[PDB]
Amino acid sequence: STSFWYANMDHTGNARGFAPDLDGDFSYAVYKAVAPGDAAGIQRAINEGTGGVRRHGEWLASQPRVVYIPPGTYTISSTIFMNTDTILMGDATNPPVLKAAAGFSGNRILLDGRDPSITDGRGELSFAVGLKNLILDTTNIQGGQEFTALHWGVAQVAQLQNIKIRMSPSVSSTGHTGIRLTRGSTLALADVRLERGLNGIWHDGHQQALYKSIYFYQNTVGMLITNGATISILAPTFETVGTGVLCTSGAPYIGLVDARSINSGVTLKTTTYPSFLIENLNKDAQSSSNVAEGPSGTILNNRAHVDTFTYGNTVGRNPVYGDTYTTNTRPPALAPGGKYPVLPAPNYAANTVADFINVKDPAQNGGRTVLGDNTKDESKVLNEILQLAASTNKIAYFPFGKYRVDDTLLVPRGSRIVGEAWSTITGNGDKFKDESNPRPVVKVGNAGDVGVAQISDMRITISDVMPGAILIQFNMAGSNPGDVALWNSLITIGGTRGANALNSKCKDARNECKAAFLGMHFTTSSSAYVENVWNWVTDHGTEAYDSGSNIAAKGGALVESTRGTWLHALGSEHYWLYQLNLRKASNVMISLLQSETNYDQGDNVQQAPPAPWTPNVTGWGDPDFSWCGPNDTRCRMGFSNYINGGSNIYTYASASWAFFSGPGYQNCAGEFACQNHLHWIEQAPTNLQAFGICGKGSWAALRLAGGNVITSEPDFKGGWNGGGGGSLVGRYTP
Amino acid sequence: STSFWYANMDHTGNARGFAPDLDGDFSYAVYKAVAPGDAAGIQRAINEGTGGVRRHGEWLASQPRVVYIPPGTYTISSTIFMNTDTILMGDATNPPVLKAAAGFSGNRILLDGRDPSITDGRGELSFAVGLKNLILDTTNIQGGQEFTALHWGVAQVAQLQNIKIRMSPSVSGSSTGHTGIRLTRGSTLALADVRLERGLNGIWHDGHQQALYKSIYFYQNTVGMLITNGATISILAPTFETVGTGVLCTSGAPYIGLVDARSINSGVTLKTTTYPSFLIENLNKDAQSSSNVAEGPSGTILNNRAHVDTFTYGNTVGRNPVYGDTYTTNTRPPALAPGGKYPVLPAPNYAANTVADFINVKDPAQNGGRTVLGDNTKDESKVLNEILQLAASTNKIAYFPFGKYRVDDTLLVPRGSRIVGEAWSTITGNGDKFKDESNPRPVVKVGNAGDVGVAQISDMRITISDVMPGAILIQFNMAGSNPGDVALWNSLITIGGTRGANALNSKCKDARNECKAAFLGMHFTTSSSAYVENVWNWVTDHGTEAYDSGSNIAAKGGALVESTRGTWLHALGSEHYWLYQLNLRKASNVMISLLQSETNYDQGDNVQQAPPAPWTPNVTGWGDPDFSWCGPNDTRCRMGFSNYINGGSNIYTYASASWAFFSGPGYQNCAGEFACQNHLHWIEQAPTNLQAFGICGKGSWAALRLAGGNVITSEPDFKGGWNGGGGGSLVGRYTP
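As documented in the archive entry, the model was determined using X-ray crystallography at 2.40 Å resolution.

Pasting the structure below:
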């Protein structure tokens, strides 16, 4: 066929992806190839399993399927339905066209990312749906009819990579929609080009999403926002677009940062009362329309350049809801050239198999035997292959598997790592059980390293209760932002097969297991780029087994870097003390942080935090909760944002939700009574620019360093459920 | 070509069904016919509209589609998706077989009743999905694989009529297998007269809010009904033949009602691994059914007895352990239960009747040379009263093709009437004759006072087109010689929410001044004896058909029952009325197998017009609650009742699905889990021989209020039902 690197990798033989924990099935095919032009074969490859048994729906990581679609045109006559943990991989050298037929029958959706096996449309459970190197075409459908090329009501670990959507020109209240997001909890939509139609993206009640580097080309409306909580749009381009962003319902947060307007109309228009920010908008001469318009008329007139304009709930303003214009000079290390760094996930479209090292092939990795079946320690053998590929400038390809490591797996300078449907590194052993000497499972460079370390399509996890485990630690800094990067990956604790020892020790809410020390760590001399990454302590089982979810992992993400750190849609959920900790960091940019308090915590918790952990304030910057009464359990809940000093902190959207008050999915007292403090500033940083700090079920919308509290009600409401339990700090620029 | 009455009705010409208010489309075809054996044509007929435009999804009543499927076998290779306001009508003289192909591709669902155009899996909005005279067959699929013949995550006005589901035999030792009817998220009313053959599960009730399963035949199922979570389950007159386990509840804490059940060579009748509240009344077992009747987490609950009178195991009023067993004996009145069994009747399909036995009300050659339009352009009261008397006096069935028949006076349904519609043909009241609340007048009158005879209506809709404070939408006056002679099946009674009522929708857009749209939805007078099954009594809460929908409506009362003869309510949904949803005013001999209700959404702490306003209560004349016990600004107390029982005798209620959701206009949240309402179920005067079971509630502080003023609090001992007790009430037994 072609020379596309993935299709030419060994998918038979010993170097193929191998799936353990499949109930004795050692013949399951991770890889399937569709015949050229075989449109019916796309759905077949998605669902087909071993010996005629259909694949499991709703599973997260153990039964992955990558469907290779060769170049060509595939005429689609009815909706194609994805499965969880499934990737459609078109040929990157010549992406295939999935074209809707003229006689398209059924629901007017070309591709549905939501697994049909989920009941009651729970998109927040449709994890790990991937689309790569595809062209969606609906030009055979009349532009006046309602149609949706892609329904993206999905959850985390879902990804878009090198996707193009051609639609018919709009006519009419109905028309083509490129990507419609209904119920779901996804993280990032990256590098999608939407051509024509009525709506390029329709955000219909999706909780939150970061839209990174989206190209809106000749859309009647760039993004339609009907309902939803937190919307972050980073580095978009509006070319011949009638209206950039149109929000006709709800009170969400809308973040438009580093936007470009090419011969377009109004950039942000709303008929309701959302809180939005426009930072670094650059308009051309043909874009002569107002920048912002609302129910009362013009909000911001025609300006070719906008610095920092908010219109929403702002701290210190009389009245709270209103306009504010400021100018801020971004640090050149954070924003080279005034623009924050945005990079597409690598697809290696021009690379062939020779540019890679298949870690399992003895002819490629230096004559080493690698299993990836979670039956033995493979740390040393994998540290040697990773150092070999970096020293020879080869990309290290991990076929799918579960690679058990009993010591740190170092990612050395010059590494480019890519996996097959989130190949899994799992830590194990006594070397990660010393909480007095915490140890990284995956270490990205040594202390003081400068170089390239790019990782994509991987998973890191643990197999036992390991109170000293740091799942990934970033030590290396890049020469340019993105040299050290992590794309489209997940870091999980529990919830998946392959961790029996961990699964047996975490079934008691009275003694929550000390599974890990940290999920992610960014050391002081590091400089890392993170996009579409799920940092998740399990709340429920995903792969049909008694999963146990009473886990006390101390901290989710600890950022100590003073060089520069960019977090594009990082989901950090269900850790004990905090989801995001900024400990004396000095150059941090956050385009979206998605977080959720641990479900076992709240008024009816059985073990009050910080227990079972003893906080180390001096050594690791833990919150000690010494301000709460020893039995004030609404006060002793994990923080979503714990900002502790430092400088040059830019956060542009925080989707932090509280749902329950204790084990068993117990309800909270009220809409704003699940938690007291989700967002907490311990020490005021120098040059802090915070926008879109959203919450759910929190009494306070933000806590300031001196102890002052910004209450969610009555004037800092918004976002989740339009304010029915939702917090919104649209502007905090102290 | 057969002699089926519906397929041989005029579907061209002037007597065809006509859909008004379709944005200038006067050629829309309500009726579509599938070619024999054309499986692909079934989906086409569901969605096809005028001139290549697809039909509207989610719509309730204005764009109906009836799909006629001739006899034959239809090999289905992928899931068929229904639409709202859509009926699949197989040939009643020879039902067609919808057979899943051996190479079935997709999610492994043969037929999905839930409209795919609804977003976020909201089955509670999938209204008016009908299936008639069909055989669903999954025998080409191996019995060891998970498969679902019918997904019924739907909402009210959905109906099953003469449906049989054949499945492959389950595999011994296998946890997966065929499921006949799976109910996920949704709010349907009744599933009637379905025969389920083989498979692993005949019915899987997976989180559905509530459902009445009437006259279900479980034939050789490994498990009759599986219940994984849910609130209120009522099973009336089932038959378990060669069934391994009758009812198996492995998750949740629902209410399960088993009444008039038959066991033929079956295993355990009700087994649970959790703590639901169930009732088993009038279970009659054969000799070969030697298993225990009920089994729970602690072991045996009720051992093998061939006959069970009244056994409850749940939250019971007056018990010192609230949760526990109770055995009593009750002699049902012969007028309520002739022969000891409650009356259950299938909805009439007229399978043996031809066109000659019918009167098409629009055909001048059949109705006496009268001009009938059905386009909501003029008053058609006199012309329709004369046709109904004509069809009754000539022993003919009156067939209403679809339309909107405006009436400016009462439309009398006389003695001997049999009325059937085409996808819920609509009678809409109008005029000044329904606007004098001091002289309320029925829109549709079922017989005169003191009449005895047959008056059977099915597949119809009754509504109003303006604000009519004196309008009774349907009033039952006549009694039957046998129960079911006066009956109403598979219908809707709606106020607002649908196109065709511009004057009404324009006057009901202010929550500060709630419009007095109607006096009563349904009325059962003292000398009446009516049978009601699968009927939606609905004051609108939101718009359904893409139009400016005013939903700030104060319709006084939903259903007022004053009858002292027999009255049977099988899955009556009464929703969003102002003062009450169901009022039993000195009624005698009343049987309710399931009542589904919802408090008006504008009511609660943040209400803008405190009840009884804008209504002045008439306690003496009409038995309204005046809410004089509440402080004039205690707004959680001044909320509409779901059950308002006021005196009388011989009242048997077996399931109450009564939900409160919001605290004011705008879908505002409530103060707490049990803080939406104070009283959902209220006894004003204690009746003689009152037998109450399965009184479920949501978000109300009290689970039940007694005549003396004593209150049975939902917490701590009467939790259960909705969300397993997380805000759900459950009075499993109140038998004073």
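Any chance you could break down the layout of surface pockets for me, citing the residues and the numbers?
Residue and element names in this part refer to chain B. Here the second largest pocket is characterised by a volume of approximately 400 Å³. For the lining of the second largest pocket, the leading source of residues is helix α1 (residues 40–47), giving 3 residues. Grouping the constituent residues of the lining of the second largest pocket by class yields 5 nonpolar, 10 polar and 4 charged.

Can you explain the packing of aromatic side chains? Please cite residues and give values.
Residues and elements named next belong to chain A. One pass over the structure, following the stated rule, counts 82 aromatic pairs over all chains. With a centroid separation of 5.7 Å and an interplanar angle of 35°, the aromatic rings of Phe639 and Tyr642 are classed as tilted. The exposure class of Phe639 is buried, given its relative accessible area of 1%. One aromatic cluster is present, built from ring pairs that chain together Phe4, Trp5, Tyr6, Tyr31, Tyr68, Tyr348, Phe356 and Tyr397. One residue, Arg180, lies across the ring of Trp202, its end atom 4.0 Å from the ring centre. One cation-aromatic arrangement involves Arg193 over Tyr215; the distance from NZ or CZ to the ring centre is 4.7 Å.

An account of the sheet that holds strand β17 (residues 221–227) of chain A is requested, with residue identities and associated values reported.
All names here are of chain A. The mixed open sheet is built from 10 strands, whose spatial order is β4-β7-β9-β11-β14-β17-β20-β23-β25-β26. The open sheet is flanked by β4 (80–81) and β26 (297–300), the only strands paired with a single partner. Direction of pairing for strand β9 (residues 147–151) relative to strand β11 (residues 176–181): parallel, over a ladder of 4 bridges. Residue pairing in the sheet places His151 in a bridge with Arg180 of β11.

Residues and numbers for the state of the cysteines, please.
Under the defined criterion, the tally for this structure stands at 6 disulfides over all chains. At a sulfur-sulfur separation of 2.0 Å, the disulfide partner of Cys628 of chain A is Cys635 of chain A. One quick way to see it: the torsion about the S-S bond of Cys628 of chain A and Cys635 of chain A is about -65°, and its sign makes the bridge left-handed. Looking at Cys628 of chain A, the relative accessible area reads 7%, which means it is buried. According to the relative accessible area criterion, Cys635 of chain A is buried, its value standing at 11%. Regarding the disulfides, chain B carries the connectivity 1-2, 3-4, 5-6 under sequence-order numbering of its bonded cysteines. By sequence-ordered numbering of the bonded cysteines, chain A has its disulfides arranged as 1-2, 3-4, 5-6. There is no disulfide at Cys696 of chain B, and the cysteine sulfur nearest it, in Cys249 of chain B, is 13 Å away. Judged by relative accessible area, which is 0%, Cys696 of chain B ranks as buried.

Conventions and cut-offs
Residues numbered from 1 in each chain as written, not as in the entry; some residues may be left out. Chains lettered and ligands numbered in written order. Heavy atoms only, no water. 1 Å grid on protein atoms, 1.4 Å probe; cavity = no way out; pocket = protein on both sides within 12 Å on 5 of 7 lines; lining within 4 Å. Points joined across faces, edges and corners; volume = space filled by probe spheres on them. Helix = DSSP H or I, 4+ residues; strand = E, 2+ residues; numbered from the N terminus. Nonpolar A, V, L, I, M, F, W, Y, C, P; charged D, E, K, R; others polar. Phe/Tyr/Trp six-rings, centres within 6.5 Å; stacked < 30°, edge-to-face > 60°. Buried < 20%, exposed > 50% of the residue type's maximum accessible area, 1.4 Å probe, protein only. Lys NZ or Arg CZ within 6 Å of the ring centre and 35° of its normal. Pairing = 2+ DSSP bridges. Disulfide = S-S within 2.5 Å.

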